[PDB]
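Residue numbers (the authors' numbering): -3 to 131. Cβ coordinates follow ideal geometry from the N, Cα and C atoms, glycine included. Taking it in order: structure first as structure tokens, then the write-up.
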Ligand SMILES: O=C(Nc1ccc(Cl)cc1C(F)(F)F)NC1(C(=O)O)CCCC1
């Protein structure tokens, strides 16, 4: 029957972005990569098979895919090519994704808010909000 992650499953398209350039700066992304990545209107496809959650992010810039089990650390290569150690957990009904590399850490939270899937990206002082709607 039902599971807490059911509300995230689906195909989602980016419909707004706030402070993403400043967040990518903080994470270490170069000028050319930020300008190009900033144009992207990614889709995000979330699916579940048993305990394995798969998230694809796809755009003209790059396609990425992660598959994971809640709470189990995994190796991820991000869109900007950081090789990170990632752990995704559910905090109530919020998917909390922590990426660690070179002694730095960034937290990405995915939540449902009305008909949207809201993505909050935090690195040190720096917060970006990316809003997706069903495709
Ligand atoms: O890969 C993503 N973003 C991104 C894009 C391009 C570059 Cl160069 C760097 C990144 C980041 F820094 F997030 F890895 N995914 C998100 C998005 O909304 O677009 C942001 C976090 C989870 C969804």
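### Query
Sorry if obvious, but does the Cβ on residue 57 come closer than 7 Å to a heavy atom of ligand 1?
Indexing the chain shown from 1 puts residue 57 at position 61. Yes.
#### Entry: Beta-carbon gap between residue 92 and residue 105 smaller than 8 Å
On the chain shown, residue 92 is found 96 positions in, with the first residue counted as 1. On the chain shown, residue 105 is found 109 positions in, with the first residue counted as 1. Taking 8 Å as the Cβ cut-off, residue 92 and residue 105 qualify as a contacting pair.
### Task
Find the nearest neighbour of residue 126 within the set 114, 20 and 24, judged by alpha-carbon distance.
In the chain shown, residue 126 corresponds to position 130, counting from 1. Across the set 114, 20 and 24, the C-alpha of 114 shows the shortest separation from the C-alpha of residue 126.
### Proximity test, residue 35 beta-carbon vs ligand 1 heavy atom, cut-off 7 Å
For this step, residue 35 is matched to residue 39 along the chain shown. Not one heavy atom of ligand 1 lies closer than 7 Å to the C-beta of residue 35.
### Query
Which residues bound the beta strand (DSSP E) around residue 130?
Mapped onto the chain shown, residue 130 falls at position 134. Element bounds for residue 130: 122 to 130.
### Message
As a quick exercise: from 23, 8 and 9, pick the residue whose alpha carbon is nearest that of residue 15.
### Response
Here residue 15 refers to the residue found at position 19 when the chain shown is read from its first residue. Distances from the alpha-carbon of residue 15 to those of 23, 8 and 9 put 23 closest.
### Message
Distance check for residue 109 and residue 76, CA to CA, integer angstroms please.
### Response
Numbered from its first residue, the chain shown carries residue 76 at position 80. Numbered from its first residue, the chain shown carries residue 109 at position 113. Cα to Cα, residue 76 sits roughly 27 Å from residue 109.
### Query
Cβ atoms of residue 73 and residue 63: under 8 Å apart, would you say?
Position 67 of the chain shown holds residue 63. Position 77 of the chain shown holds residue 73. It is not a contact, given that the beta carbons lie outside the stated cut-off.
### Query
When DSSP labels each residue in this structure, what does residue 7 get in the three-state scheme?
Position 11 of the chain shown holds residue 7. Strand, per DSSP.
### Message
According to DSSP, residue 95 sits in a beta bridge with which residue or residues?
### Response
The residue given as residue 95 occupies position 99 in the chain shown. DSSP output for residue 95 lists 82 and 102 as bridge partner(s).
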